[PDB]
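A.B. asks: What follows is coords_17.cif, made up of mmCIF, C-alpha atoms:
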data_run
#
loop_
_atom_site.group_PDB
_atom_site.id
_atom_site.type_symbol
_atom_site.label_atom_id
_atom_site.label_comp_id
_atom_site.auth_asym_id
_atom_site.auth_seq_id
_atom_site.Cartn_x
_atom_site.Cartn_y
_atom_site.Cartn_z
ATOM 1 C CA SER A 1 36.542 25.333 -5.324
ATOM 2 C CA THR A 2 33.317 26.735 -3.890
ATOM 3 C CA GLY A 3 31.951 27.997 -0.598
ATOM 4 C CA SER A 4 28.448 28.321 0.843
ATOM 5 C CA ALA A 5 27.518 30.046 4.098
ATOM 6 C CA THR A 6 24.252 30.980 5.722
ATOM 7 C CA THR A 7 23.664 34.654 6.474
ATOM 8 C CA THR A 8 21.314 35.587 9.325
ATOM 9 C CA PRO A 9 19.520 38.867 10.161
ATOM 10 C CA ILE A 10 20.886 40.489 13.306
ATOM 11 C CA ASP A 11 17.442 41.607 14.533
ATOM 12 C CA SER A 12 13.735 41.481 13.727
ATOM 13 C CA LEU A 13 14.018 44.358 11.228
ATOM 14 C CA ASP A 14 16.792 42.881 9.039
ATOM 15 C CA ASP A 15 18.982 45.864 9.942
ATOM 16 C CA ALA A 16 22.003 43.852 8.780
ATOM 17 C CA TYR A 17 23.062 40.244 8.199
ATOM 18 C CA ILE A 18 25.885 38.261 9.807
ATOM 19 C CA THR A 19 27.759 35.334 8.293
ATOM 20 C CA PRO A 20 30.156 33.093 10.268
ATOM 21 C CA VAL A 21 33.784 33.292 9.148
ATOM 22 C CA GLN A 22 36.673 31.118 10.340
ATOM 23 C CA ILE A 23 39.919 33.020 10.948
ATOM 24 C CA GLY A 24 43.253 31.524 11.978
ATOM 25 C CA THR A 25 44.569 28.192 13.237
ATOM 26 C CA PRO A 26 42.856 26.774 15.229
ATOM 27 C CA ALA A 27 39.796 28.463 13.783
ATOM 28 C CA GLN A 28 38.338 31.491 15.532
ATOM 29 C CA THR A 29 34.773 31.945 14.275
ATOM 30 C CA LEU A 30 33.542 35.541 14.043
ATOM 31 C CA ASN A 31 30.195 36.736 12.705
ATOM 32 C CA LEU A 32 30.917 39.276 9.984
ATOM 33 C CA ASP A 33 28.771 41.710 8.003
ATOM 34 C CA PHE A 34 29.420 40.925 4.341
ATOM 35 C CA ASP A 35 29.516 44.321 2.645
ATOM 36 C CA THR A 36 29.499 44.652 -1.151
ATOM 37 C CA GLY A 37 29.913 48.419 -0.642
ATOM 38 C CA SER A 38 33.380 48.292 0.955
ATOM 39 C CA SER A 39 36.628 46.412 0.539
ATOM 40 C CA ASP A 40 38.161 45.867 3.994
ATOM 41 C CA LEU A 41 37.935 42.688 6.069
ATOM 42 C CA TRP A 42 38.266 44.040 9.607
ATOM 43 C CA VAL A 43 37.510 42.481 12.986
ATOM 44 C CA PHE A 44 37.122 43.254 16.634
ATOM 45 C CA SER A 45 40.291 41.911 18.190
ATOM 46 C CA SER A 46 42.458 41.524 21.257
ATOM 47 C CA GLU A 47 43.911 44.902 20.195
ATOM 48 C CA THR A 48 40.603 46.793 20.271
ATOM 49 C CA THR A 49 40.409 49.443 23.005
ATOM 50 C CA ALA A 50 38.696 47.591 25.835
ATOM 51 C CA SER A 51 36.037 50.252 26.480
ATOM 52 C CA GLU A 52 34.950 49.960 22.828
ATOM 53 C CA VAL A 53 34.205 46.215 23.045
ATOM 54 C CA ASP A 54 30.746 45.328 24.390
ATOM 55 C CA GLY A 55 29.835 41.709 23.725
ATOM 56 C CA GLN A 56 31.519 41.122 20.361
ATOM 57 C CA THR A 57 33.631 38.057 19.689
ATOM 58 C CA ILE A 58 37.258 39.052 19.178
ATOM 59 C CA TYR A 59 40.048 37.730 16.984
ATOM 60 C CA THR A 60 43.242 37.115 18.967
ATOM 61 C CA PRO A 61 46.129 36.812 16.489
ATOM 62 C CA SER A 62 48.568 35.634 19.165
ATOM 63 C CA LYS A 63 46.488 32.447 19.466
ATOM 64 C CA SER A 64 46.671 31.704 15.719
ATOM 65 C CA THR A 65 49.699 29.741 14.543
ATOM 66 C CA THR A 66 49.168 31.039 10.989
ATOM 67 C CA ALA A 67 48.816 34.742 11.862
ATOM 68 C CA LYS A 68 51.632 37.060 10.796
ATOM 69 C CA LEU A 69 51.853 40.789 11.390
ATOM 70 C CA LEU A 70 51.856 42.680 8.083
ATOM 71 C CA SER A 71 54.677 44.938 9.150
ATOM 72 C CA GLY A 72 54.015 48.655 8.888
ATOM 73 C CA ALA A 73 50.489 48.289 7.537
ATOM 74 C CA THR A 74 47.635 50.343 8.962
ATOM 75 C CA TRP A 75 44.036 50.915 7.959
ATOM 76 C CA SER A 76 41.329 53.461 8.624
ATOM 77 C CA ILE A 77 37.833 53.546 7.162
ATOM 78 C CA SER A 78 34.760 55.769 7.407
ATOM 79 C CA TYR A 79 31.382 54.541 6.210
ATOM 80 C CA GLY A 80 28.432 56.372 4.705
ATOM 81 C CA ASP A 81 26.557 56.232 8.017
ATOM 82 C CA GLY A 82 29.323 58.172 9.775
ATOM 83 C CA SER A 83 30.793 55.150 11.561
ATOM 84 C CA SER A 84 34.505 54.352 11.435
ATOM 85 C CA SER A 85 37.268 52.026 12.598
ATOM 86 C CA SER A 86 41.042 51.726 12.274
ATOM 87 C CA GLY A 87 43.979 49.588 13.300
ATOM 88 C CA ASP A 88 46.813 47.371 12.089
ATOM 89 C CA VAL A 89 46.946 44.298 9.864
ATOM 90 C CA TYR A 90 47.726 40.593 10.039
ATOM 91 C CA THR A 91 47.674 37.987 7.331
ATOM 92 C CA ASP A 92 45.990 34.720 8.247
ATOM 93 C CA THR A 93 43.908 31.857 6.908
ATOM 94 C CA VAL A 94 40.256 32.780 6.376
ATOM 95 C CA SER A 95 37.479 30.360 5.441
ATOM 96 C CA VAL A 96 33.871 31.091 4.462
ATOM 97 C CA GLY A 97 31.461 28.203 4.118
ATOM 98 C CA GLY A 98 34.234 25.738 3.272
ATOM 99 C CA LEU A 99 36.214 28.041 0.927
ATOM 100 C CA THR A 100 39.691 28.812 2.280
ATOM 101 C CA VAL A 101 42.058 31.681 1.462
ATOM 102 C CA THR A 102 45.559 31.658 2.894
ATOM 103 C CA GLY A 103 47.380 34.932 3.385
ATOM 104 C CA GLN A 104 44.201 37.019 3.626
ATOM 105 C CA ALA A 105 44.678 40.481 5.089
ATOM 106 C CA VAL A 106 42.743 40.538 8.375
ATOM 107 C CA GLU A 107 42.523 44.122 9.596
ATOM 108 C CA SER A 108 42.596 44.218 13.383
ATOM 109 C CA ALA A 109 40.676 47.091 14.949
ATOM 110 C CA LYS A 110 42.446 49.186 17.529
ATOM 111 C CA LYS A 111 39.582 51.711 17.535
ATOM 112 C CA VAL A 112 35.925 51.506 16.512
ATOM 113 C CA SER A 113 33.236 54.175 16.608
ATOM 114 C CA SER A 114 30.289 54.004 18.972
ATOM 115 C CA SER A 115 27.810 52.417 16.572
ATOM 116 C CA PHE A 116 30.083 49.393 16.215
ATOM 117 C CA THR A 117 30.565 49.081 19.970
ATOM 118 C CA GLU A 118 26.810 49.376 20.477
ATOM 119 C CA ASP A 119 26.063 46.477 18.101
ATOM 120 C CA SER A 120 27.114 43.340 19.953
ATOM 121 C CA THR A 121 26.021 41.071 17.087
ATOM 122 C CA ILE A 122 28.548 42.240 14.448
ATOM 123 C CA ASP A 123 32.148 41.162 15.037
ATOM 124 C CA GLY A 124 33.498 42.975 11.960
ATOM 125 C CA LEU A 125 33.005 43.477 8.242
ATOM 126 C CA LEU A 126 34.018 41.437 5.204
ATOM 127 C CA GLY A 127 34.238 43.747 2.202
ATOM 128 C CA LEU A 128 33.197 42.515 -1.230
ATOM 129 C CA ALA A 129 33.501 45.671 -3.358
ATOM 130 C CA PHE A 130 36.522 46.103 -5.617
ATOM 131 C CA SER A 131 39.970 45.969 -4.059
ATOM 132 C CA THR A 132 40.771 49.486 -5.301
ATOM 133 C CA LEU A 133 38.737 50.753 -2.302
ATOM 134 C CA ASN A 134 40.754 48.827 0.291
ATOM 135 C CA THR A 135 42.182 51.265 2.857
ATOM 136 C CA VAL A 136 45.357 49.420 3.945
ATOM 137 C CA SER A 137 48.444 51.635 3.719
ATOM 138 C CA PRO A 138 51.117 51.714 2.414
ATOM 139 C CA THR A 139 50.362 48.473 0.508
ATOM 140 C CA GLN A 140 46.715 48.105 -0.502
ATOM 141 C CA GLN A 141 45.308 44.637 0.138
ATOM 142 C CA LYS A 142 42.917 42.379 -1.767
ATOM 143 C CA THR A 143 39.425 41.350 -0.709
ATOM 144 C CA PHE A 144 38.560 37.786 0.215
ATOM 145 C CA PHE A 145 36.770 37.361 -3.123
ATOM 146 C CA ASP A 146 39.698 38.790 -5.090
ATOM 147 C CA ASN A 147 42.071 36.366 -3.339
ATOM 148 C CA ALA A 148 39.753 33.384 -3.868
ATOM 149 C CA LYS A 149 38.697 34.185 -7.427
ATOM 150 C CA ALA A 150 41.305 32.228 -9.372
ATOM 151 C CA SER A 151 40.578 29.060 -7.365
ATOM 152 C CA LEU A 152 36.795 29.264 -7.712
ATOM 153 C CA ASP A 153 34.942 27.077 -10.180
ATOM 154 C CA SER A 154 33.443 30.275 -11.618
ATOM 155 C CA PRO A 155 34.604 33.804 -10.674
ATOM 156 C CA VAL A 156 31.342 34.801 -8.978
ATOM 157 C CA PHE A 157 29.598 35.144 -5.665
ATOM 158 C CA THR A 158 25.877 35.373 -5.026
ATOM 159 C CA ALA A 159 23.782 37.086 -2.369
ATOM 160 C CA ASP A 160 20.426 35.572 -1.448
ATOM 161 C CA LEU A 161 19.264 37.599 1.547
ATOM 162 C CA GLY A 162 16.122 36.605 3.405
ATOM 163 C CA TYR A 163 13.191 38.722 4.508
ATOM 164 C CA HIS A 164 12.962 38.160 8.264
ATOM 165 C CA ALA A 165 14.749 34.848 7.642
ATOM 166 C CA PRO A 166 18.222 33.441 6.961
ATOM 167 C CA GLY A 167 19.700 33.432 3.476
ATOM 168 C CA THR A 168 22.893 32.394 1.719
ATOM 169 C CA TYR A 169 26.167 33.700 0.324
ATOM 170 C CA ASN A 170 27.676 31.346 -2.249
ATOM 171 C CA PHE A 171 31.153 31.606 -3.782
ATOM 172 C CA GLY A 172 32.166 30.094 -7.078
ATOM 173 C CA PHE A 173 28.834 28.731 -8.325
ATOM 174 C CA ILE A 174 25.266 29.763 -9.115
ATOM 175 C CA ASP A 175 22.624 27.642 -7.340
ATOM 176 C CA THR A 176 20.003 27.230 -10.059
ATOM 177 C CA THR A 177 17.486 26.020 -7.442
ATOM 178 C CA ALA A 178 17.627 29.318 -5.533
ATOM 179 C CA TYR A 179 15.725 31.538 -7.962
ATOM 180 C CA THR A 180 12.758 31.507 -10.316
ATOM 181 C CA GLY A 181 12.809 32.352 -13.989
ATOM 182 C CA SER A 182 16.048 33.561 -15.537
ATOM 183 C CA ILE A 183 18.867 35.793 -14.333
ATOM 184 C CA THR A 184 19.074 39.144 -16.115
ATOM 185 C CA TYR A 185 22.617 40.490 -16.323
ATOM 186 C CA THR A 186 23.428 44.189 -16.486
ATOM 187 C CA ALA A 187 26.602 46.204 -16.988
ATOM 188 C CA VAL A 188 28.804 47.332 -14.094
ATOM 189 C CA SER A 189 31.101 50.327 -13.807
ATOM 190 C CA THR A 190 34.037 49.804 -11.467
ATOM 191 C CA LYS A 191 35.235 53.418 -11.790
ATOM 192 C CA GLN A 192 34.210 54.247 -8.199
ATOM 193 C CA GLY A 193 35.178 50.819 -6.824
ATOM 194 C CA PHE A 194 31.545 49.729 -6.327
ATOM 195 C CA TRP A 195 29.203 47.259 -8.013
ATOM 196 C CA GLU A 196 27.661 50.226 -9.814
ATOM 197 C CA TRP A 197 24.920 49.659 -12.373
ATOM 198 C CA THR A 198 21.960 51.439 -13.995
ATOM 199 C CA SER A 199 18.390 50.444 -13.241
ATOM 200 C CA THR A 200 15.962 50.935 -16.123
ATOM 201 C CA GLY A 201 13.147 52.440 -14.020
ATOM 202 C CA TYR A 202 10.529 51.868 -11.381
ATOM 203 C CA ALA A 203 6.889 51.377 -10.501
ATOM 204 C CA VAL A 204 4.929 52.077 -7.322
ATOM 205 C CA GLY A 205 2.416 49.403 -6.372
ATOM 206 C CA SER A 206 0.197 48.481 -9.300
ATOM 207 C CA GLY A 207 1.141 51.690 -11.109
ATOM 208 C CA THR A 208 2.622 51.961 -14.553
ATOM 209 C CA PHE A 209 6.341 51.488 -14.985
ATOM 210 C CA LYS A 210 8.394 54.655 -15.440
ATOM 211 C CA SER A 211 11.332 54.149 -17.791
ATOM 212 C CA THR A 212 14.240 56.196 -16.441
ATOM 213 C CA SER A 213 17.901 55.437 -15.843
ATOM 214 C CA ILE A 214 18.866 55.223 -12.160
ATOM 215 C CA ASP A 215 22.587 54.743 -11.529
ATOM 216 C CA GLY A 216 23.358 53.161 -8.173
ATOM 217 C CA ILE A 217 25.326 50.546 -6.256
ATOM 218 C CA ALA A 218 24.412 47.045 -5.117
ATOM 219 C CA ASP A 219 25.344 47.324 -1.423
ATOM 220 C CA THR A 220 24.638 44.484 0.993
ATOM 221 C CA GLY A 221 26.123 46.591 3.800
ATOM 222 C CA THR A 222 23.409 49.255 3.569
ATOM 223 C CA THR A 223 20.027 48.448 5.146
ATOM 224 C CA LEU A 224 17.678 50.621 3.084
ATOM 225 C CA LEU A 225 16.961 51.599 -0.525
ATOM 226 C CA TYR A 226 18.203 55.144 -1.289
ATOM 227 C CA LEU A 227 16.864 56.674 -4.507
ATOM 228 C CA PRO A 228 16.419 60.119 -6.081
ATOM 229 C CA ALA A 229 14.029 62.442 -4.277
ATOM 230 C CA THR A 230 11.593 62.431 -7.221
ATOM 231 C CA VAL A 231 11.248 58.633 -7.065
ATOM 232 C CA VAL A 232 10.975 58.523 -3.267
ATOM 233 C CA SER A 233 8.315 61.262 -3.250
ATOM 234 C CA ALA A 234 6.289 59.340 -5.837
ATOM 235 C CA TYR A 235 6.432 56.239 -3.620
ATOM 236 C CA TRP A 236 5.429 57.854 -0.322
ATOM 237 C CA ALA A 237 2.688 59.917 -1.968
ATOM 238 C CA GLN A 238 0.814 56.607 -2.225
ATOM 239 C CA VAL A 239 0.810 56.111 1.572
ATOM 240 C CA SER A 240 -1.771 58.151 3.486
ATOM 241 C CA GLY A 241 -0.097 60.191 6.185
ATOM 242 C CA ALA A 242 3.480 59.591 5.050
ATOM 243 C CA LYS A 243 5.811 62.551 5.278
ATOM 244 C CA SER A 244 9.474 63.441 5.311
ATOM 245 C CA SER A 245 10.525 64.345 8.847
ATOM 246 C CA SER A 246 13.690 66.405 9.272
ATOM 247 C CA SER A 247 13.689 65.607 12.996
ATOM 248 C CA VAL A 248 13.557 61.851 12.452
ATOM 249 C CA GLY A 249 15.841 61.918 9.403
ATOM 250 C CA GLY A 250 13.673 60.619 6.577
ATOM 251 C CA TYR A 251 10.246 59.489 5.511
ATOM 252 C CA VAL A 252 7.953 58.160 8.203
ATOM 253 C CA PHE A 253 4.469 56.749 7.843
ATOM 254 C CA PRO A 254 1.591 55.642 10.074
ATOM 255 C CA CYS A 255 2.325 52.214 11.492
ATOM 256 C CA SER A 256 -1.322 51.361 10.696
ATOM 257 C CA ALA A 257 -0.630 51.650 6.947
ATOM 258 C CA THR A 258 -0.410 48.851 4.412
ATOM 259 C CA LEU A 259 2.539 49.751 2.167
ATOM 260 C CA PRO A 260 2.528 49.357 -1.623
ATOM 261 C CA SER A 261 5.176 47.349 -3.363
ATOM 262 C CA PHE A 262 8.048 48.961 -5.258
ATOM 263 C CA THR A 263 9.351 47.607 -8.559
ATOM 264 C CA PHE A 264 12.783 48.327 -10.045
ATOM 265 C CA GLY A 265 13.969 47.512 -13.549
ATOM 266 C CA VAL A 266 16.969 45.388 -14.492
ATOM 267 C CA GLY A 267 17.148 45.659 -18.243
ATOM 268 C CA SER A 268 13.770 44.494 -19.489
ATOM 269 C CA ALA A 269 13.198 42.476 -16.283
ATOM 270 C CA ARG A 270 11.497 43.651 -13.099
ATOM 271 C CA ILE A 271 12.188 42.952 -9.418
ATOM 272 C CA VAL A 272 9.232 43.510 -7.079
ATOM 273 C CA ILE A 273 9.911 44.553 -3.472
ATOM 274 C CA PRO A 274 6.806 43.664 -1.414
ATOM 275 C CA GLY A 275 5.367 46.471 0.675
ATOM 276 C CA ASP A 276 6.145 44.684 3.941
ATOM 277 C CA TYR A 277 9.874 44.810 3.121
ATOM 278 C CA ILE A 278 9.656 48.624 3.293
ATOM 279 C CA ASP A 279 8.391 48.733 6.921
ATOM 280 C CA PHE A 280 11.203 49.405 9.419
ATOM 281 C CA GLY A 281 8.929 49.700 12.410
ATOM 282 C CA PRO A 282 8.361 52.330 15.076
ATOM 283 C CA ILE A 283 10.783 55.246 15.087
ATOM 284 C CA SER A 284 11.086 54.747 18.856
ATOM 285 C CA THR A 285 9.693 52.030 21.073
ATOM 286 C CA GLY A 286 5.909 52.241 21.244
ATOM 287 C CA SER A 287 5.533 54.985 18.648
ATOM 288 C CA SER A 288 2.808 54.775 16.015
ATOM 289 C CA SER A 289 5.122 56.518 13.533
ATOM 290 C CA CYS A 290 7.058 53.970 11.486
ATOM 291 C CA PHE A 291 10.305 54.431 9.558
ATOM 292 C CA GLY A 292 10.299 53.908 5.807
ATOM 293 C CA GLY A 293 12.602 51.538 3.963
ATOM 294 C CA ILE A 294 12.843 53.722 0.851
ATOM 295 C CA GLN A 295 14.627 57.018 1.490
ATOM 296 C CA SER A 296 16.097 59.854 -0.541
ATOM 297 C CA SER A 297 19.705 59.667 -1.702
ATOM 298 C CA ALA A 298 19.800 63.446 -2.234
ATOM 299 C CA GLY A 299 22.277 63.966 0.618
ATOM 300 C CA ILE A 300 24.477 60.957 -0.219
ATOM 301 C CA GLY A 301 25.749 61.637 -3.732
ATOM 302 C CA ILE A 302 24.932 58.120 -4.951
ATOM 303 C CA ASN A 303 21.862 55.912 -5.158
ATOM 304 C CA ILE A 304 22.115 52.750 -3.049
ATOM 305 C CA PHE A 305 20.342 49.450 -3.740
ATOM 306 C CA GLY A 306 20.703 48.193 -0.184
ATOM 307 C CA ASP A 307 19.221 45.194 1.574
ATOM 308 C CA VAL A 308 15.591 46.324 1.085
ATOM 309 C CA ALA A 309 16.075 45.920 -2.663
ATOM 310 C CA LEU A 310 18.608 43.107 -2.751
ATOM 311 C CA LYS A 311 16.661 40.755 -0.495
ATOM 312 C CA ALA A 312 13.841 40.737 -3.072
ATOM 313 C CA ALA A 313 16.224 39.117 -5.567
ATOM 314 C CA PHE A 314 18.824 36.471 -6.132
ATOM 315 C CA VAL A 315 21.870 38.605 -6.970
ATOM 316 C CA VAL A 316 24.963 37.457 -8.911
ATOM 317 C CA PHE A 317 28.172 39.432 -8.435
ATOM 318 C CA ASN A 318 30.072 38.335 -11.544
ATOM 319 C CA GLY A 319 33.802 39.005 -11.143
ATOM 320 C CA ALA A 320 34.796 37.995 -14.644
ATOM 321 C CA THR A 321 37.360 40.139 -16.454
ATOM 322 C CA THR A 322 34.500 42.511 -17.306
ATOM 323 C CA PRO A 323 32.321 42.393 -14.173
ATOM 324 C CA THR A 324 28.540 42.329 -14.417
ATOM 325 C CA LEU A 325 25.579 42.031 -12.045
ATOM 326 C CA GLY A 326 22.740 39.534 -12.368
ATOM 327 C CA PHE A 327 19.271 39.723 -10.800
ATOM 328 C CA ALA A 328 16.580 37.047 -10.653
ATOM 329 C CA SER A 329 13.277 36.866 -8.849
ATOM 330 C CA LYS A 330 12.950 34.174 -6.206
#
Go ahead and express the file in the form of structure tokens.
C.D. replies:
Amino acid sequence: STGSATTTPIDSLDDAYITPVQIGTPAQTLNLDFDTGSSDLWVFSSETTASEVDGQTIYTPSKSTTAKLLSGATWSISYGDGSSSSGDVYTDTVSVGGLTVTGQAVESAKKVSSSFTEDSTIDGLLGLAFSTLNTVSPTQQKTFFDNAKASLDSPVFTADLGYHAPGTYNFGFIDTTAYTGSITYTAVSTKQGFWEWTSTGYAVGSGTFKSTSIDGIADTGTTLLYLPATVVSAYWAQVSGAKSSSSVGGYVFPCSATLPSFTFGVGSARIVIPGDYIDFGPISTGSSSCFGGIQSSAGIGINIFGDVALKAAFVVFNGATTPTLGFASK
């Protein structure tokens, strides 16, 4: 089998992407944030505290003839941005772009933190990291991809995120029309449960390429590119007036600037992030200070190849017995 679904930016900055997902019988369609940095499929629901729902579409398990309470199971997750959610668990039928999994754990939120409530466009998350990170207790549950894998034509999914435009998540096949050149594959460590890999270096604008190993994660659920402070300083030093602002929480730059590109290495191949992809707009409405799309990872503990980087590439998440990542230009 295969599946193919369009993913759409939630706003004009590409802060995140939503993909429609059918849950239950008859189908209830929710718009989920596909997150290769986590491993829980959780949704706003009829069980979510009413004051914490503000415009989201909810899953109502009592209206699904295929929903079954997973007795005793609870979940609770905290994300790198400080947000969180928790609740109980149903199993139900879940379909993405024509690919159906029966018995998928659907984690129903009883509580969500304020940033989820405040984002009316995201009805939940669909985790695509390794199932060892799934938070369901006392019986850990499998991701949608893990459940689908054996049925897929090939044990892969691909992320093709757009810049200020829709893109595509495919399951079970590699669309050879969706990228240019060849796909360069690189080794993955699953030891932390992430799609963790090592970039071979970077360049700033038209500058020379610096060969240096940068370990990080391919994370569709993170907006920006988080890299070591040395690398980030070298980038922003090329932008007149750019500075790191403790009050804002990262590098800012004059909105009048034209940003240089940023290149990252995948083996001997190179992915170029255009400068425009690194502009996240005014820090507050009407400000002439703009927020940068490349930020330091120094306070995180891990480097994160988030949407800023991934949307410059066609990205293969290869879930073969030994997983690997593939990157192609597009």
A.B. asks: Quick one: which residues end up in the PyMOL selection byres ((chain A and resi 150-165) around 6) for this structure, as a list in words?
C.D. replies: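 Expected selection for the PyMOL selection byres ((chain A and resi 150-165) around 6) here is residues 1, 2, 148, 149, 166, 167, 168, 169, 170, 171, 172, 173, 311, 314, 315, 316, 317, 318, 319 and 320 of chain A.
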A.B. asks: Determine the residue set returned by the PyMOL selection byres ((chain A and resi 36) around 9) for the present structure, and present it as a list in words.
C.D. replies: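 So the PyMOL selection byres ((chain A and resi 36) around 9), applied here, picks out residues 34, 35, 37, 38, 39, 126, 127, 128, 129, 130, 194, 195, 217, 218, 219, 220, 221 and 222 of chain A.
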A.B. asks: The PyMOL selection byres ((chain A and resi 205) around 12) on the file shown: which residues, as number ranges by chain?
C.D. replies: A: 202-204, 206-209, 234-239, 258-264, 272-276
A.B. asks: Do a neighbour search on range 45-61 of chain A at 8 Å with only C-alpha atoms, toss out local chain neighbours closer than 4 positions, and write the hits as a list in words.
C.D. replies: residues 23, 24, 28, 30, 31, 67, 68, 90, 108, 109, 110, 111, 112, 113, 114, 117, 118, 119, 120, 121, 122 and 123 of chain A
A.B. asks: Choose the residue, out of A:133, A:18, A:248, A:294, that has the smallest atom-to-atom separation from residue 191 in chain A; count only C-alpha atoms.
C.D. replies: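 The answer is A:133, which sits nearest to residue 191 in chain A.
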A.B. asks: Between CA of residue 99 in chain A and CA of residue 189 in chain A, what distance in Å does the model show, to one decimal?
C.D. replies: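 Spanning CA of residue 99 in chain A to CA of residue 189 in chain A is a straight-line distance of 27.2 Å.
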A.B. asks: Do you have the CA of residue 225 in chain A-CA of residue 185 in chain A distance handy?
C.D. replies: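 Going from CA of residue 225 in chain A over to CA of residue 185 in chain A, I get 20.1 Å.
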A.B. asks: When you draw a straight line from CA of residue 245 in chain A to CA of residue 12 in chain A, how long is it in Å?
C.D. replies: 23.6 Å
A.B. asks: Can you pull out the residues contacting residue 291 in chain A? Cut-off 9 Å, using all atoms listed in the file, and skip same-chain residues under 6 positions away; I want them as a PDB file with C-alpha atoms, keeping the file's coordinate frame.
C.D. replies:
ATOM      1  CA  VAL A 248      13.557  61.851  12.452  1.00  0.00           C
ATOM      2  CA  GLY A 250      13.673  60.619   6.577  1.00  0.00           C
ATOM      3  CA  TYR A 251      10.246  59.489   5.511  1.00  0.00           C
ATOM      4  CA  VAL A 252       7.953  58.160   8.203  1.00  0.00           C
ATOM      5  CA  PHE A 253       4.469  56.749   7.843  1.00  0.00           C
ATOM      6  CA  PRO A 254       1.591  55.642  10.074  1.00  0.00           C
ATOM      7  CA  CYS A 255       2.325  52.214  11.492  1.00  0.00           C
ATOM      8  CA  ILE A 278       9.656  48.624   3.293  1.00  0.00           C
ATOM      9  CA  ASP A 279       8.391  48.733   6.921  1.00  0.00           C
ATOM     10  CA  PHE A 280      11.203  49.405   9.419  1.00  0.00           C
ATOM     11  CA  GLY A 281       8.929  49.700  12.410  1.00  0.00           C
ATOM     12  CA  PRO A 282       8.361  52.330  15.076  1.00  0.00           C
ATOM     13  CA  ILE A 283      10.783  55.246  15.087  1.00  0.00           C
TER      14      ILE A 283
END
A.B. asks: Using only C-alpha atoms, which of the listed residues (A:190, A:176, A:199, A:295) sits closest to residue 243 in chain A?
C.D. replies: A:295
A.B. asks: Per residue of range 119-201 of chain A within 8 Å of range 103-107 of chain A, which atom pair is closest and at what distance in Å (one decimal), using all atoms listed in the file, listed by chain and increasing number, as JSON lines?
C.D. replies:
{"residue": "A:141", "atom": "CA", "partner": "A:105", "partner_atom": "CA", "distance": 6.5}
{"residue": "A:142", "atom": "CA", "partner": "A:105", "partner_atom": "CA", "distance": 7.3}
{"residue": "A:143", "atom": "CA", "partner": "A:104", "partner_atom": "CA", "distance": 7.8}
{"residue": "A:144", "atom": "CA", "partner": "A:104", "partner_atom": "CA", "distance": 6.6}
{"residue": "A:147", "atom": "CA", "partner": "A:104", "partner_atom": "CA", "distance": 7.3}
A.B. asks: Which residue out of A:192, A:19, A:71, A:288 has the minimum interatomic distance to residue 132 in chain A when all atoms listed in the file are used?
C.D. replies: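 Closest to residue 132 in chain A, using all atoms listed in the file: A:192.
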A.B. asks: So which one's closest to residue 292 in chain A, A:187, A:242, A:229, A:27? Using only C-alpha atoms, please.
C.D. replies: A:242
A.B. asks: Quick one: of A:76, A:321, A:223, A:180, who's nearest to residue 16 in chain A, counting only C-alpha atoms?
C.D. replies: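 Counting only C-alpha atoms, the residue closest to residue 16 in chain A is A:223.
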A.B. asks: Would you kindly return, as a PyMOL selection string, each protein, DNA or RNA residue with an atom no farther than 8 Å from any atom of residue 20 in chain A, considering all atoms listed in the file and excluding same-chain residues fewer than 5 positions away?
C.D. replies: chain A and resi 5-7+29-32+96-97
A.B. asks: Would you please work out which residue, of A:265, A:293, A:17, A:188, is nearest to residue 308 in chain A when using only C-alpha atoms?
C.D. replies: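 Residue with the minimum atom-to-atom distance to residue 308 in chain A: A:293.
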A.B. asks: Please enclose the listed atoms of range 2-15 of chain A in an axis-aligned box, pad each side by 4 Å, and write out the centre and the three edge lengths in Å, rounded to one decimal, as lines of an AutoDock Vina configuration file.
C.D. replies:
center_x = 23.5
center_y = 36.3
center_z = 5.3
size_x = 27.6
size_y = 27.1
size_z = 26.4
A.B. asks: Could you add whatever atoms are missing so that range 195-200 of chain A carries N, CA, C and O atoms, then write the result as an mmCIF file, in the coordinates of the input?
C.D. replies:
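Resulting contents of result.cif:
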data_model
loop_
_atom_site.group_PDB
_atom_site.id
_atom_site.type_symbol
_atom_site.label_atom_id
_atom_site.label_comp_id
_atom_site.auth_asym_id
_atom_site.auth_seq_id
_atom_site.Cartn_x
_atom_site.Cartn_y
_atom_site.Cartn_z
ATOM 1 N N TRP A 195 30.026 47.998 -7.058
ATOM 2 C CA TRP A 195 29.203 47.259 -8.013
ATOM 3 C C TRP A 195 28.114 48.220 -8.471
ATOM 4 O O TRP A 195 26.977 48.209 -7.982
ATOM 5 N N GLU A 196 28.502 49.122 -9.371
ATOM 6 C CA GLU A 196 27.661 50.226 -9.814
ATOM 7 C C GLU A 196 27.009 49.872 -11.137
ATOM 8 O O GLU A 196 27.685 49.426 -12.065
ATOM 9 N N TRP A 197 25.702 50.099 -11.226
ATOM 10 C CA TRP A 197 24.920 49.659 -12.373
ATOM 11 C C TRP A 197 23.813 50.682 -12.588
ATOM 12 O O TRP A 197 23.672 51.641 -11.822
ATOM 13 N N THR A 198 23.035 50.503 -13.657
ATOM 14 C CA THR A 198 21.960 51.439 -13.995
ATOM 15 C C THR A 198 20.643 50.686 -14.097
ATOM 16 O O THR A 198 20.435 49.907 -15.034
ATOM 17 N N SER A 199 19.751 50.942 -13.152
ATOM 18 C CA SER A 199 18.390 50.444 -13.241
ATOM 19 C C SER A 199 17.643 51.157 -14.363
ATOM 20 O O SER A 199 17.883 52.330 -14.654
ATOM 21 N N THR A 200 16.735 50.426 -14.997
ATOM 22 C CA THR A 200 15.962 50.935 -16.123
ATOM 23 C C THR A 200 14.656 51.630 -15.728
ATOM 24 O O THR A 200 13.973 52.172 -16.614
#
